[PDB]
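Novice: Please read through the structure below; I'll follow up with questions.
Residue numbers (UniProt numbering), protein chains in the order written: chain S, 24 to 271, 276 to 325, 346 to 715, 721 to 790; chain R, 199 to 248.
The following block contains the structure:
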């Protein structure tokens, strides 16, 4: 709606802007995290140019631009060259044409000119800056060329942080576009000058000079980017407040998709300084310009600024169903025993790829002096370490049933019970935010998909983003009042709509019309369900790629872990002498037979599992859904079924869960396991208990998962029925024999 | 005595690229240690394998 100025409406499908999902392996968004971007120094001129590009996009302006002013300053560059080659930074100082420069030489040169440079840098600046100026000098001095890299070295720098900025991915998108065309991506050379450098016997003065002018052009290059960025922002701070109507007849294709964008609308309400900054140069301030096009409506042709902004915003920001995205969310509604016309639970299952198993490689360790880091030389894959491997399907299965057999009043009780802070199921089941039904999500528990930001819905209930969005994406049109929340409308005929008491106070409701400022209401109770979820959440390079590994050495803080296995004493029975002690010094199985009931103690020999003289190097997986936050799901579902009482269900899930934890390392030295006798169970009990306790000891010495969460289970499995212990233990000796 | 047959001192495996840097004149001595170091560093692994 756009009669004669601006006025309210309510698109039933409003859209919030999310980050356009990339597979680029250089960023981390709030649903997808990236630990480390893998990187490289030296090797060859081309390898350094691949990196110089990725560095072009990772490191932010203030570090990048700072480096360009460093390069533009001759007196600084004279010193980095003068020191790179063994000579003084003086007008009469000569370097040869046969001199070959290792990257080692460049860096200690740059370092020396930072040091005398007398400019103050953060630890972060100093690090990013040293990598740009290195990648620039190793390209000049390849073109020169005196570069002759002694080797390739791999470091890991960290990705672009879009972990916050749920609310504003627009200024992130602008900046990130403009970085593509950044002065560090491709260096433009002067061939005439470069010939002077190829020449022997060159004075060092001729080297600084040409690098200076190259920099001096990069500085201009940036002044142009810092302009074409602030031109785009100018355009965004024009869309608001034409959208709120402090300025005046345009319903552009862009402006339209942003008038029904909850994100934009909030950010723009009172005008954002970050975007109004850009008008201080042109007119200044924004209010000076705003008065201009309100004198005019009573320095025009405004439609390219908006178009400029768009191409950027568009290529980095997809707008979402409160349309797409109608996932990634398995929405299955479930109604009380009082079938119609009101429901109890709304299940929302976000899925993503996990990793079932992790490869492990024999490594040796290479000296450096830092503690600090370690260099390691990963050689051969020699195992693949196993995880739990339990399907999250069945757990929500027993939970569906439970919520169906929930009567109408039973439910509204559990809700109040929960709304008072009680959390019977953990964060699996919560109050549906601002509605009187409850929801049953996966993703409070995974990737932190759901976390609650509290301005989106009117009123007092804070609400997770990817619901508000997945719900609003089921809305047919969307009304946009200046200075208020978006009001949504859903119109889908005819009978597939319920008239219910559960919806928040603001909601109008008929059969096939729903009109509320709180989208989740469209699950109370419009017939809205999605069998399987739209978009599985993906990780590119979840593990650091040791695919190069025959040819390069690696440097890692935490991203690779090396195994500090304790070695057993080699002795028929000197093992047995320390195993029983119940306080000695290599990993063991330590259970207390539930068949009454002496203490068992058996040594765990990681030696013979991992290989004989081998220090497993094991990558750390940056998971989306981590064994620890999954197992911690199941256990919270089991606990919450344990009351309100479904012993039948709860005790079946705990069984499933158990089978998975004990299965993997069972079975993998008779006379050693003590105390025991040739019982047929006491023995098949060992089979369970070593199967978890060796998985535990493996997860201790290789950072696969927290030991914490294995003991969390071990405990819930001691408390498992004595009759069941031995059903699963039969199952595990029968699997083991084959 | 078997394992000694396949010992790192019996036949030395060279890196041709690095060795060209050495053939070059006029070489700094630093370029000589380095390449010998890595040759050794491989002999050390060679032994860890024996």
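Beta carbons: idealized from backbone N, C-alpha and C, even for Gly.
Is residue 74 of chain S close to chain R? Criterion is C-beta to C-beta, closer than 8 Å.
Specialist: no
Novice: May I have a chain-ordered list of the beta strand (DSSP E) segments no shorter than 3 residues that lie completely inside the stretch 356-382 of chain S?
Specialist: 364-368, 377-382
Novice: Name, going along the chain, the residues of the stretch 96-111 of chain S whose beta-carbon falls closer than 8 Å to a beta-carbon of chain R.
Specialist: Listed by position, the residues of the stretch 96-111 of chain S near chain R (Cβ gap below 8 Å) amount to none.
Novice: Per DSSP, residue 485 of chain S forms a beta bridge with which residues?
Specialist: S/392, S/478
Novice: Compute the Euclidean distance between the alpha carbons of residue 497 of chain S and residue 79 of chain S, then round it to the nearest angstrom.
Specialist: 32 Å
Novice: Considering only residues of the same chain and omitting the five flanking positions on each side of residue 743 of chain S, which have a CB-CB separation below 8 Å?
Specialist: 708, 709, 710, 711, 712, 713, 714, 784
Novice: Going straight from the alpha carbon of residue 217 of chain R to that of residue 226 of chain S, what length do you get?
Specialist: 29 Å
Novice: Near residue 269 of chain S, what residues of its chain come up, given a Cβ to Cβ distance below 7 Å and the 5 sequence neighbours on each side ignored?
Specialist: 317
Novice: In terms of DSSP beta bridges, what is residue 39 of chain S paired with?
Specialist: Residue pairing by DSSP puts residue 39 of chain S in a beta bridge opposite S/367.
Novice: Can you list, in chain order, the residues of its chain whose CB lies under 8 Å from that of residue 205 of chain S, leaving out five sequence neighbours each side?
Specialist: So the qualifying residues of the chain are 79, 80, 87, 244, 245, 248.
Novice: Under the three-state reduction of DSSP, which class applies to residue 500 of chain S: helix, strand or coil?
Specialist: strand
Novice: Output needed for residue 739 of chain S: all residues of its chain with C-beta closer than 7 Å, excluding positions within five of it in sequence on either side, in chain order.
Specialist: 713, 714, 781, 784, 785, 788
Novice: So, under 8 Å CB-CB, residue 671 of chain S and residue 648 of chain S are touching, yes? Tell me the CB distance rounded to an integer number of Å.
Specialist: Contact doesn't hold; Cβ gap of about 39 Å is too wide.
Novice: Report yes if the C-beta distance between residue 287 of chain S and residue 61 of chain S is below 8 Å; otherwise report no.
Specialist: no
Novice: Would you call the stretch 64-79 of chain S and the stretch 169-179 of chain S touching, i.e. three or more CB-CB distances under 8 Å?
Specialist: Touching, yes.
Novice: What does DSSP give as the partner residues of residue 338 of chain S in its beta bridges?
Specialist: There are no atomic positions for residue 338 of chain S here, as chain S continues from 325 directly to 346.
Novice: Give me the Cα-Cα distance between residue 659 of chain S and residue 392 of chain S, rounded to the nearest whole angstrom.
Specialist: Going by the C-alpha atoms only, they are around 54 Å apart.
Novice: Give the interface partners of residue 421 of chain S over in chain R, defined as CB-CB distance under 7 Å, in chain order.
Specialist: Within 7 Å Cβ-Cβ: nothing; residue 421 of chain S doesn't reach chain R, min ~16 Å.
Novice: Residues of chain S with CB closer than 9 Å to the CB of residue 243 of chain R, please, in chain order.
Specialist: 411, 424, 426
Novice: With a Cβ-Cβ cutoff of 8 Å, do residue 681 of chain S and residue 700 of chain S count as a contact?
Specialist: Yes, Cβ-Cβ distance for residue 681 of chain S and residue 700 of chain S is below 8 Å.
Novice: Only counting the same chain, and skipping five residues up and downstream in sequence, which positions put a Cβ closer than 7 Å to that of residue 611 of chain S?
Specialist: 753
Novice: So, using beta-carbon positions, are residue 279 of chain S and residue 323 of chain S closer together than 8 Å?
Specialist: no
Novice: Examine chain S for any beta-carbon lying closer than 8 Å to the beta-carbon of residue 224 of chain R, and answer yes or no.
Specialist: yes
Novice: The ligand FMN and residue 248 of chain S: does any heavy atom of the ligand fall closer than 7 Å to the residue's C-beta?
Specialist: Judged by which ligands are present, the structure shown has none, so any question about the ligand FMN falls away.
Novice: So which residues of chain S does residue 232 of chain R contact, with C-beta pairs closer than 7 Å?
Specialist: 173
Novice: Does residue 219 of chain R have its Cβ less than 8 Å from a Cβ in chain S?
Specialist: yes
Novice: Given 8 Å as the limit, is there contact between the stretch 598-606 of chain S and the stretch 575-588 of chain S, that is, 3 or more CB pairs closer than that?
Specialist: no
Novice: So does the stretch 180-189 of chain S actually touch the stretch 49-60 of chain S, counting three or more Cβ pairs closer than 8 Å?
Specialist: yes
Novice: With a threshold of 8 Å between beta-carbons, can residue 237 of chain R be considered close to chain S, or not?
Specialist: no
Novice: So the alpha helix (DSSP H) residue 448 of chain S belongs to, where does it begin and stop?
Specialist: 440-451
Novice: Leaving aside the five residues before and after residue 777 of chain S along the sequence, list all residues of the same chain whose C-beta is less than 8 Å from its C-beta, in chain order.
Specialist: 641, 737, 740, 769
Novice: Considering only DSSP beta bridges, list what residue 185 of chain S is partnered with.
Specialist: S/52
Novice: If you measure from the beta carbon of residue 302 of chain S to each beta carbon in chain R, is any gap under 8 Å?
Specialist: no
Novice: Spatial neighbours of residue 662 of chain S within its chain, please: CB distance less than 6 Å, with the 5 preceding and 5 following residues excluded, ordered by chain position.
Specialist: 410, 609, 610
Novice: Quick one: grab the DSSP three-state call for residue 760 of chain S.
Specialist: helix
Novice: Please list, in chain order, the chain R residues whose beta carbon lies closer than 7 Å to that of residue 121 of chain S.
Specialist: 224
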